[PDB]
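Q: Input file: upload_34.cif. Contents: mmCIF, C-alpha atoms and all ligand atoms.
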data_my_file
#
loop_
_atom_site.label_atom_id
_atom_site.label_comp_id
_atom_site.auth_asym_id
_atom_site.auth_seq_id
_atom_site.Cartn_x
_atom_site.Cartn_y
_atom_site.Cartn_z
CA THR J 499 -6.27 -19.11 5.21
CA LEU J 500 -3.12 -17.21 6.11
CA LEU J 501 -5.05 -13.93 6.37
CA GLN J 502 -7.34 -15.53 8.97
CA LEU J 503 -4.38 -16.74 11.02
CA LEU J 504 -2.68 -13.33 10.80
CA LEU J 505 -5.88 -11.68 12.06
CA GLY J 506 -5.73 -13.98 15.08
CA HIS J 507 -8.70 -16.11 14.03
CA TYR D 264 -24.63 9.34 14.66
CA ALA D 265 -21.08 10.28 15.63
CA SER D 266 -20.59 13.53 17.52
CA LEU D 267 -17.97 16.09 16.49
CA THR D 268 -15.94 14.99 19.54
CA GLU D 269 -16.16 11.32 18.50
CA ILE D 270 -15.05 12.31 14.97
CA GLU D 271 -12.07 14.30 16.35
CA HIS D 272 -11.15 11.29 18.46
CA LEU D 273 -11.42 9.07 15.35
CA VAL D 274 -8.92 11.30 13.50
CA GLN D 275 -6.43 10.88 16.38
CA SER D 276 -6.98 7.13 16.70
CA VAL D 277 -6.47 6.46 12.94
CA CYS D 278 -3.36 8.68 12.84
CA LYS D 279 -1.92 6.78 15.81
CA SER D 280 -2.72 3.38 14.24
CA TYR D 281 -0.88 4.45 11.07
CA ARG D 282 2.23 5.84 12.82
CA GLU D 283 2.51 2.61 14.83
CA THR D 284 2.36 0.39 11.73
CA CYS D 285 4.56 2.45 9.46
CA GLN D 286 7.32 0.31 8.09
CA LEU D 287 9.74 3.20 7.77
CA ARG D 288 10.00 6.36 9.85
CA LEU D 289 9.53 9.44 7.64
CA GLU D 290 12.63 11.03 9.19
CA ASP D 291 14.83 8.05 8.22
CA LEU D 292 13.33 8.18 4.72
CA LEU D 293 14.21 11.87 4.43
CA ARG D 294 17.71 11.49 5.89
CA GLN D 295 18.45 9.06 3.01
CA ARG D 296 17.19 11.09 0.00
CA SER D 297 20.66 11.72 -1.50
CA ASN D 298 21.63 8.09 -0.83
CA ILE D 299 21.05 6.94 -4.43
CA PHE D 300 22.11 3.77 -6.29
CA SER D 301 25.18 4.29 -8.50
CA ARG D 302 25.50 3.48 -12.22
CA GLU D 303 27.30 0.29 -11.16
CA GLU D 304 24.72 -0.89 -8.60
CA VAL D 305 21.90 -0.14 -11.05
CA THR D 306 23.70 -2.30 -13.64
CA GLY D 307 24.00 -5.07 -10.99
CA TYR D 308 20.21 -5.10 -10.54
CA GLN D 309 19.50 -4.96 -14.29
CA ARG D 310 21.80 -7.94 -14.79
CA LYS D 311 19.94 -10.09 -12.22
CA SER D 312 17.72 -12.97 -13.32
CA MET D 313 13.97 -12.51 -13.64
CA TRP D 314 13.34 -15.13 -10.94
CA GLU D 315 15.74 -13.49 -8.47
CA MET D 316 14.29 -10.03 -8.99
CA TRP D 317 10.72 -11.30 -8.66
CA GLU D 318 11.59 -13.28 -5.50
CA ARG D 319 13.12 -10.20 -3.84
CA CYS D 320 10.20 -7.97 -4.81
CA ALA D 321 7.66 -10.57 -3.66
CA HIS D 322 9.37 -10.66 -0.26
CA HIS D 323 9.33 -6.85 0.09
CA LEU D 324 5.68 -6.60 -0.96
CA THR D 325 4.72 -9.32 1.56
CA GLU D 326 6.53 -7.44 4.37
CA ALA D 327 4.57 -4.29 3.38
CA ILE D 328 1.32 -6.33 3.39
CA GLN D 329 2.14 -7.63 6.91
CA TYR D 330 2.32 -4.04 8.16
CA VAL D 331 -1.04 -3.26 6.51
CA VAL D 332 -2.65 -6.24 8.28
CA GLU D 333 -1.27 -4.78 11.53
CA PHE D 334 -2.75 -1.36 10.60
CA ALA D 335 -6.14 -3.01 10.05
CA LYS D 336 -5.87 -4.84 13.38
CA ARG D 337 -5.26 -1.53 15.19
CA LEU D 338 -7.83 0.48 13.21
CA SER D 339 -10.92 1.69 15.10
CA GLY D 340 -13.93 -0.54 14.27
CA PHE D 341 -12.17 -3.01 11.95
CA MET D 342 -11.78 -5.81 14.52
CA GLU D 343 -15.45 -5.28 15.51
CA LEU D 344 -16.38 -6.49 12.01
CA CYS D 345 -17.10 -10.20 11.46
CA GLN D 346 -14.27 -12.57 10.42
CA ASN D 347 -15.59 -12.83 6.84
CA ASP D 348 -15.65 -9.06 6.26
CA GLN D 349 -12.19 -8.46 7.81
CA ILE D 350 -10.91 -10.97 5.21
CA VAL D 351 -12.94 -9.57 2.30
CA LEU D 352 -11.64 -6.06 3.03
CA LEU D 353 -7.99 -7.08 3.34
CA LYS D 354 -8.03 -9.34 0.27
CA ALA D 355 -9.41 -6.51 -1.88
CA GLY D 356 -7.52 -3.62 -0.28
CA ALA D 357 -4.18 -4.66 1.22
CA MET D 358 -2.29 -4.19 -2.07
CA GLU D 359 -4.13 -0.89 -2.68
CA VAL D 360 -3.00 0.42 0.74
CA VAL D 361 0.59 -0.64 -0.02
CA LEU D 362 0.47 1.25 -3.35
CA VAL D 363 -0.71 4.44 -1.57
CA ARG D 364 1.82 3.92 1.29
CA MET D 365 4.67 3.78 -1.27
CA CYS D 366 4.48 7.53 -1.88
CA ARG D 367 6.16 7.95 1.55
CA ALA D 368 9.22 6.21 0.09
CA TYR D 369 9.08 8.02 -3.25
CA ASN D 370 11.27 11.08 -3.92
CA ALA D 371 9.58 13.11 -6.67
CA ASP D 372 12.66 15.34 -7.25
CA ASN D 373 14.46 12.50 -9.04
CA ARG D 374 11.64 9.93 -9.45
CA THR D 375 13.28 7.40 -7.15
CA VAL D 376 11.96 5.03 -4.49
CA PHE D 377 13.55 3.63 -1.35
CA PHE D 378 14.36 -0.01 -2.15
CA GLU D 379 16.85 -2.31 -0.43
CA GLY D 380 18.74 0.48 1.37
CA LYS D 381 18.96 3.24 -1.24
CA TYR D 382 16.84 5.26 -3.66
CA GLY D 383 16.53 3.73 -7.11
CA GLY D 384 14.68 4.84 -10.22
CA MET D 385 12.40 2.48 -12.13
CA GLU D 386 15.33 1.45 -14.35
CA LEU D 387 16.46 -0.63 -11.33
CA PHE D 388 13.50 -2.96 -11.97
CA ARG D 389 14.19 -3.87 -15.63
CA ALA D 390 14.89 -7.56 -14.99
CA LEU D 391 11.29 -8.04 -13.77
CA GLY D 392 10.19 -7.85 -17.43
CA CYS D 393 7.11 -5.76 -16.60
CA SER D 394 8.02 -2.21 -17.48
CA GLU D 395 4.49 -0.91 -18.11
CA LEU D 396 3.41 -2.11 -14.62
CA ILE D 397 6.53 -0.68 -12.92
CA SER D 398 6.15 2.67 -14.75
CA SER D 399 2.42 2.81 -13.93
CA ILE D 400 3.32 2.29 -10.24
CA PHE D 401 5.90 5.10 -10.39
CA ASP D 402 3.40 7.46 -12.10
CA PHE D 403 0.79 6.70 -9.43
CA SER D 404 3.29 7.56 -6.66
CA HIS D 405 4.36 10.70 -8.56
CA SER D 406 0.76 11.88 -8.95
CA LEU D 407 0.20 11.25 -5.21
CA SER D 408 3.35 13.19 -4.28
CA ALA D 409 1.96 16.19 -6.18
CA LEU D 410 -0.71 16.40 -3.45
CA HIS D 411 1.96 16.82 -0.75
CA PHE D 412 0.21 14.52 1.78
CA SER D 413 0.98 14.84 5.46
CA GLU D 414 1.32 11.69 7.56
CA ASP D 415 -2.16 12.38 9.01
CA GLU D 416 -3.77 12.70 5.57
CA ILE D 417 -2.14 9.39 4.46
CA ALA D 418 -3.44 7.71 7.62
CA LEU D 419 -7.00 8.80 6.91
CA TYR D 420 -6.88 8.17 3.16
CA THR D 421 -5.49 4.63 3.60
CA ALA D 422 -8.13 3.86 6.25
CA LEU D 423 -10.66 4.71 3.53
CA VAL D 424 -8.89 2.71 0.83
CA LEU D 425 -9.31 -0.30 3.18
CA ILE D 426 -12.82 0.34 4.58
CA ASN D 427 -14.83 0.15 1.35
CA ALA D 428 -18.48 -0.87 1.82
CA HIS D 429 -18.73 -1.75 -1.91
CA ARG D 430 -16.36 -4.76 -1.84
CA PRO D 431 -18.18 -7.84 -3.15
CA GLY D 432 -18.80 -10.51 -0.50
CA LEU D 433 -19.43 -8.47 2.65
CA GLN D 434 -21.98 -9.88 5.08
CA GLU D 435 -22.37 -7.02 7.59
CA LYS D 436 -22.67 -4.40 4.85
CA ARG D 437 -24.41 -1.73 6.95
CA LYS D 438 -21.71 -2.09 9.62
CA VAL D 439 -18.97 -1.43 7.01
CA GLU D 440 -21.05 1.43 5.56
CA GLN D 441 -21.20 3.11 8.97
CA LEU D 442 -17.43 2.77 9.53
CA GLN D 443 -16.61 4.10 6.05
CA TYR D 444 -18.93 7.08 6.63
CA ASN D 445 -17.36 8.01 9.97
CA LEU D 446 -13.89 7.69 8.47
CA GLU D 447 -15.06 9.99 5.63
CA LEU D 448 -16.26 12.51 8.26
CA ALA D 449 -12.90 12.27 10.07
CA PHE D 450 -11.00 12.79 6.78
CA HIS D 451 -13.15 15.75 5.72
CA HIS D 452 -12.96 17.29 9.22
CA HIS D 453 -9.15 17.05 9.28
CA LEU D 454 -8.89 18.52 5.76
CA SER D 455 -11.11 21.54 6.54
CA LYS D 456 -9.09 22.37 9.67
CA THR D 457 -6.07 22.70 7.35
CA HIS D 458 -7.97 24.17 4.36
CA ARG D 459 -6.96 21.13 2.31
CA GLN D 460 -10.39 19.95 1.14
CA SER D 461 -9.40 20.88 -2.43
CA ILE D 462 -7.31 17.67 -2.60
CA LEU D 463 -10.48 15.53 -2.64
CA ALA D 464 -11.33 16.27 -6.29
CA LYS D 465 -7.67 15.47 -7.05
CA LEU D 466 -7.59 12.00 -5.43
CA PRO D 467 -7.02 9.00 -7.76
CA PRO D 468 -10.23 7.62 -9.34
CA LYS D 469 -10.75 4.12 -7.88
CA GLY D 470 -10.23 2.57 -11.32
CA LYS D 471 -6.56 3.58 -11.04
CA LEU D 472 -5.78 1.49 -7.94
CA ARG D 473 -7.84 -1.33 -9.46
CA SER D 474 -5.92 -1.29 -12.76
CA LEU D 475 -2.61 -1.44 -10.83
CA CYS D 476 -3.66 -4.50 -8.79
CA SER D 477 -5.01 -6.14 -11.93
CA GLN D 478 -1.75 -5.55 -13.83
CA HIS D 479 0.22 -7.09 -10.96
CA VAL D 480 -1.94 -10.25 -10.96
CA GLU D 481 -1.56 -10.51 -14.77
CA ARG D 482 2.22 -10.03 -14.76
CA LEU D 483 2.43 -12.69 -12.04
CA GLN D 484 0.49 -15.12 -14.27
CA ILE D 485 3.21 -14.60 -16.90
CA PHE D 486 6.07 -14.96 -14.42
CA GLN D 487 4.46 -18.14 -12.99
CA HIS D 488 4.27 -19.57 -16.50
CA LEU D 489 8.00 -19.00 -17.02
CA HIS D 490 9.05 -20.12 -13.50
CA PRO D 491 6.39 -22.36 -11.89
CA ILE D 492 8.68 -23.96 -9.27
CA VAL D 493 10.13 -20.63 -7.98
CA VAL D 494 6.63 -19.50 -6.84
CA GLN D 495 5.90 -22.74 -4.93
CA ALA D 496 9.38 -23.02 -3.46
CA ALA D 497 10.53 -19.48 -2.82
CA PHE D 498 7.64 -16.97 -2.76
CA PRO D 499 6.09 -16.11 0.63
CA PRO D 500 2.92 -18.18 1.13
CA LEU D 501 0.81 -15.05 1.87
CA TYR D 502 1.91 -13.58 -1.46
CA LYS D 503 0.88 -16.83 -3.18
CA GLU D 504 -2.48 -16.81 -1.36
CA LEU D 505 -3.30 -13.19 -2.26
CA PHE D 506 -2.07 -12.93 -5.87
CA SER D 507 -1.70 -16.34 -7.56
CA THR D 508 -4.48 -17.34 -9.95
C1 LIG Y 1 8.30 -1.04 -8.33
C2 LIG Y 1 7.77 -1.40 -6.92
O1 LIG Y 1 8.80 -2.14 -6.23
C3 LIG Y 1 9.27 -1.75 -4.97
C4 LIG Y 1 9.65 -0.43 -4.69
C5 LIG Y 1 10.11 -0.08 -3.41
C6 LIG Y 1 10.20 -1.05 -2.39
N1 LIG Y 1 10.69 -0.64 -1.12
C7 LIG Y 1 10.50 -1.26 0.08
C8 LIG Y 1 11.11 -0.63 1.31
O2 LIG Y 1 9.87 -2.30 0.24
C9 LIG Y 1 9.83 -2.37 -2.68
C10 LIG Y 1 9.37 -2.72 -3.95
CL1 LIG Y 1 8.90 -4.38 -4.25
#
Write out the structure in this file as structure tokens.
Ligand SMILES: CCOc1ccc(NC(C)=O)cc1Cl

A:
Amino acid sequence: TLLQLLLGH
Amino acid sequence: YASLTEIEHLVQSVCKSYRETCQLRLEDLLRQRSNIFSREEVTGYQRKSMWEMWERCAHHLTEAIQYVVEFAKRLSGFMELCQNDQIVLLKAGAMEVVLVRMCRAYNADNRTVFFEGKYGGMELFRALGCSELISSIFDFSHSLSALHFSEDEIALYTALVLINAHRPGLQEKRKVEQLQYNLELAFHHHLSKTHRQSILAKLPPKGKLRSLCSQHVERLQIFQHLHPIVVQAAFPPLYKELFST
């Protein structure tokens, strides 16, 4: 998900 | 079992995280209070199409959400949580933190909010076709401004809006419980130092923030019905991910 990517995951 | 020194340090850390991820400097916000949209400019906004007004507002909300993700990333203990819980917390709370943060940009003297360069009242948002939602948002900000929050108090309160151990779907629940409790200690410690603990009984009941987020999701369902292609083509993908049903 985009949230994951934004968190640096 | 956090010491008083560790709690004091937590206050400072949270306040720093917040100041660093503030979209707008409070001084800039103040130095623009009399900079208000004219009759003509207000008419310009009211005359805009529903799709245009929604697209602009979706962009601004997404920008605000990006800053909240950054706040989370800098917040003591948050990045120590597992990947699942970081996501669960942000999904449930990012919009709530934005709604609280808005009171920084809300002038209660004339019920206006800083939006696209000037202060506009809620009549600026007519073309959205969701007046009860918009007015509920304005009332929430107004009720918050009656508490006269300092930057520090907002920092601590928003940390708590985000770190909620009762969000469905958490996997390290005790870990989130511990962080929420220490943040509560930090908040209550800071309040007592300023004899401001009386504000606690005057904080919004959690149902209020929940009803606001729920209204937004519902109004988006209606918009998406009317303009299905606009959402896919023009809305930020994060917005779509977080709010589309
Ligand atoms: C009715 C809620 O709408 C808004 C009010 C204010 C702002 N301001 C900024 C700076 O984003 C954005 C939106 Cl979408």

Q: Please extract the residues at most 8 Å from ligand LIG 1 (chain Y), counting only C-alpha atoms and all ligand atoms, and provide them as a PyMOL selection string, using the chain letters and residue numbers of this document.

A: chain D and resi 286-287+319-324+326-327+365+368+376-380+385+388+397-398+400-401

Q: Give me the residues near residue J:501 as number ranges by chain, where near means some atom within 12 Å (using all atoms listed in the file) and where sequence neighbours in that chain fewer than 5 positions away do not count.

A: J: 506-507; D: 325, 328-329, 331-333, 335-336, 346-355, 357, 500-505

Q: Go ahead and dump the residues you just picked, C-alpha atoms, as a short mmCIF file (atom, residue, chain, number, x, y, z; two decimals), in the frame of the given file.

A:
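Once written, part_18.cif looks like this:
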data_model
loop_
_atom_site.label_atom_id
_atom_site.label_comp_id
_atom_site.auth_asym_id
_atom_site.auth_seq_id
_atom_site.Cartn_x
_atom_site.Cartn_y
_atom_site.Cartn_z
CA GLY J 506 -5.73 -13.98 15.08
CA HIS J 507 -8.70 -16.11 14.03
CA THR D 325 4.72 -9.32 1.56
CA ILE D 328 1.32 -6.33 3.39
CA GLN D 329 2.14 -7.63 6.91
CA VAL D 331 -1.04 -3.26 6.51
CA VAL D 332 -2.65 -6.24 8.28
CA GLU D 333 -1.27 -4.78 11.53
CA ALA D 335 -6.14 -3.01 10.05
CA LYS D 336 -5.87 -4.84 13.38
CA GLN D 346 -14.27 -12.57 10.42
CA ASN D 347 -15.59 -12.83 6.84
CA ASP D 348 -15.65 -9.06 6.26
CA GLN D 349 -12.19 -8.46 7.81
CA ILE D 350 -10.91 -10.97 5.21
CA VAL D 351 -12.94 -9.57 2.30
CA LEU D 352 -11.64 -6.06 3.03
CA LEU D 353 -7.99 -7.08 3.34
CA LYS D 354 -8.03 -9.34 0.27
CA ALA D 355 -9.41 -6.51 -1.88
CA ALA D 357 -4.18 -4.66 1.22
CA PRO D 500 2.92 -18.18 1.13
CA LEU D 501 0.81 -15.05 1.87
CA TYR D 502 1.91 -13.58 -1.46
CA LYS D 503 0.88 -16.83 -3.18
CA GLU D 504 -2.48 -16.81 -1.36
CA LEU D 505 -3.30 -13.19 -2.26
#

Q: Would you tabulate, counting all atoms listed in the file, all residues of chain J that have an atom at most 7 Å from an atom of chain D, showing the closest pair of atoms and their distance in Å to one decimal, sorted by chain then ascending number, as a tab-separated table?

A:
residue	atom	partner	partner_atom	distance
J:500	CA	D:501	CA	6.2
J:501	CA	D:350	CA	6.7
J:502	CA	D:350	CA	6.9
J:505	CA	D:336	CA	7.0

Q: Could those residues be written to a file, using C-alpha atoms, as a short mmCIF file (atom, residue, chain, number, x, y, z; two decimals), in the frame of the given file?

A:
data_model
loop_
_atom_site.label_atom_id
_atom_site.label_comp_id
_atom_site.auth_asym_id
_atom_site.auth_seq_id
_atom_site.Cartn_x
_atom_site.Cartn_y
_atom_site.Cartn_z
CA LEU J 500 -3.12 -17.21 6.11
CA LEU J 501 -5.05 -13.93 6.37
CA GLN J 502 -7.34 -15.53 8.97
CA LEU J 505 -5.88 -11.68 12.06
#

Q: How many Å lie between atom CA of residue D:448 and atom CA of residue D:359, rounded to one decimal?

A: 21.1 Å

Q: Restricting the calculation to only C-alpha atoms, which member of D:290, D:435, D:447, D:315 is positioned closest to residue D:390?

A: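 Nearest candidate to residue D:390 out of D:290, D:435, D:447, D:315: D:315.
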
Q: Name the residues, using the chain letters and numbers of the file, that sit within 12 Å of (-6.9, 11.3, 13.4) when counting all atoms listed in the file, and give them as JSON, numbers by chain.

A: {"D": [268, 269, 270, 271, 272, 273, 274, 275, 276, 277, 278, 279, 280, 281, 282, 338, 339, 413, 414, 415, 416, 417, 418, 419, 420, 421, 422, 445, 446, 447, 448, 449, 450, 451, 452, 453, 454, 456]}

Q: Do you know which residues are at most 8 Å from residue D:366 counting all atoms listed in the file, after dropping those on the same chain fewer than 5 positions away, and could you put them as a ChimeraX atom specification?

A: /D:404-405,407-408

Q: May I have the selected residues written with C-alpha atoms, as an mmCIF file, keeping the file's coordinate frame?

A:
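And here's result19.cif as it stands now:
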data_model
loop_
_atom_site.group_PDB
_atom_site.id
_atom_site.type_symbol
_atom_site.label_atom_id
_atom_site.label_comp_id
_atom_site.auth_asym_id
_atom_site.auth_seq_id
_atom_site.Cartn_x
_atom_site.Cartn_y
_atom_site.Cartn_z
ATOM 1 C CA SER D 404 3.290 7.560 -6.660
ATOM 2 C CA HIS D 405 4.360 10.700 -8.560
ATOM 3 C CA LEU D 407 0.200 11.250 -5.210
ATOM 4 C CA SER D 408 3.350 13.190 -4.280
#

Q: Go through D:457, D:383, D:399, D:344 one by one, measure the shortest atom-to-atom distance of each to residue D:434 using only C-alpha atoms, and give the residue with the smallest value.

A: D:344

Q: For the atom pair atom CA of residue D:486 and atom CA of residue D:430, what is the interatomic distance in Å to one decimal place?

A: 27.7 Å

Q: Just add N, CA and C atoms to stretch 360-382 of chain D and send it as a compact mmCIF listing (two decimals), in the coordinates of the input.

A:
# COMPACT_ATOMS: atom_id res chain seq x y z
N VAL D 360 -3.59 -0.37 -0.36
CA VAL D 360 -3.00 0.42 0.74
C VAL D 360 -1.48 0.48 0.61
N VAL D 361 -0.86 -0.63 0.21
CA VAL D 361 0.59 -0.64 -0.02
C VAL D 361 0.98 0.33 -1.14
N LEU D 362 0.22 0.34 -2.22
CA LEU D 362 0.47 1.25 -3.35
C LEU D 362 0.39 2.73 -2.95
N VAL D 363 -0.61 3.08 -2.13
CA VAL D 363 -0.71 4.44 -1.57
C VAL D 363 0.46 4.72 -0.60
N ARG D 364 0.71 3.80 0.33
CA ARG D 364 1.82 3.92 1.29
C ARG D 364 3.19 4.18 0.65
N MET D 365 3.40 3.63 -0.55
CA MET D 365 4.67 3.78 -1.27
C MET D 365 5.09 5.23 -1.49
N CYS D 366 4.13 6.13 -1.62
CA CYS D 366 4.48 7.53 -1.88
C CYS D 366 5.31 8.15 -0.75
N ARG D 367 5.27 7.56 0.44
CA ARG D 367 6.16 7.95 1.55
C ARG D 367 7.63 7.68 1.23
N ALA D 368 7.87 6.67 0.40
CA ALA D 368 9.22 6.21 0.09
C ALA D 368 9.65 6.68 -1.30
N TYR D 369 8.84 7.54 -1.90
CA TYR D 369 9.08 8.02 -3.25
C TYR D 369 9.53 9.49 -3.25
N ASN D 370 10.74 9.72 -3.74
CA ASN D 370 11.27 11.08 -3.92
C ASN D 370 10.96 11.59 -5.32
N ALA D 371 10.04 12.56 -5.40
CA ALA D 371 9.58 13.11 -6.67
C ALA D 371 10.60 14.01 -7.39
N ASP D 372 11.63 14.46 -6.67
CA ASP D 372 12.66 15.34 -7.25
C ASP D 372 13.43 14.60 -8.34
N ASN D 373 13.70 13.32 -8.10
CA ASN D 373 14.46 12.50 -9.04
C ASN D 373 13.76 11.19 -9.42
N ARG D 374 12.46 11.11 -9.12
CA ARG D 374 11.64 9.93 -9.45
C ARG D 374 12.29 8.63 -8.99
N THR D 375 12.68 8.59 -7.72
CA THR D 375 13.28 7.40 -7.15
C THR D 375 12.44 6.90 -5.97
N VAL D 376 12.65 5.64 -5.61
CA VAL D 376 11.96 5.03 -4.49
C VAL D 376 12.94 4.28 -3.61
N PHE D 377 12.71 4.34 -2.30
CA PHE D 377 13.55 3.63 -1.35
C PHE D 377 13.33 2.12 -1.51
N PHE D 378 14.41 1.42 -1.83
CA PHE D 378 14.36 -0.01 -2.15
C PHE D 378 15.70 -0.59 -1.76
N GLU D 379 15.66 -1.60 -0.89
CA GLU D 379 16.85 -2.31 -0.43
C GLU D 379 18.01 -1.36 -0.06
N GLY D 380 17.71 -0.34 0.73
CA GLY D 380 18.74 0.48 1.37
C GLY D 380 19.06 1.82 0.75
N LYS D 381 18.71 1.99 -0.53
CA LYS D 381 18.96 3.24 -1.24
C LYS D 381 17.76 3.62 -2.09
N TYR D 382 17.84 4.80 -2.71
CA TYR D 382 16.84 5.26 -3.66
C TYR D 382 17.22 4.88 -5.09
